[PDB]
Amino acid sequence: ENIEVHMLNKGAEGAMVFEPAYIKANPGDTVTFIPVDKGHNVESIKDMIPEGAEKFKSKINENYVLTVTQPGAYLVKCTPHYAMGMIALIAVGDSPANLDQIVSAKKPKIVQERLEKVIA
């Protein structure tokens, strides 16, 4: 199945957001990232995707379709706005093995706050 995500300058959680910022998926699903506002992209964060998953980075302002294969958690960022909190968490399958690791990993404060919200 397909899950659509909007990339926005402003949304419910404040400035520079993915909506939704929590995406539940299964292997073989697609996540479609739509640049509703300009100035955004999607990029996998180093050491915060499952072992065996391929790294990815879209171009600024492109519609990007991600196919997810490996189970686990994926933290993705908008490259220009990572420091402003623009992230999403994709959970593929049940009980992602690397979720606690991602929560503990070094990242900007605003990112950590937003991440803890989405998990909660």
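Note that residue numbering begins at 1 and tracks the sequence as displayed.
- Averaged over their C-alpha atoms, the temperature factors of 52-60 and 65-73 are higher for 52-60.
- Per-stretch averaging of Cα B factors for 74-82 and 33-41 places 33-41 on top.
- Highest CA B-factor among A97, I110, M16, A21, as stated in the entry: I110.
- The deposited CA B-factor of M7 belongs to the middle third of values across its chain.
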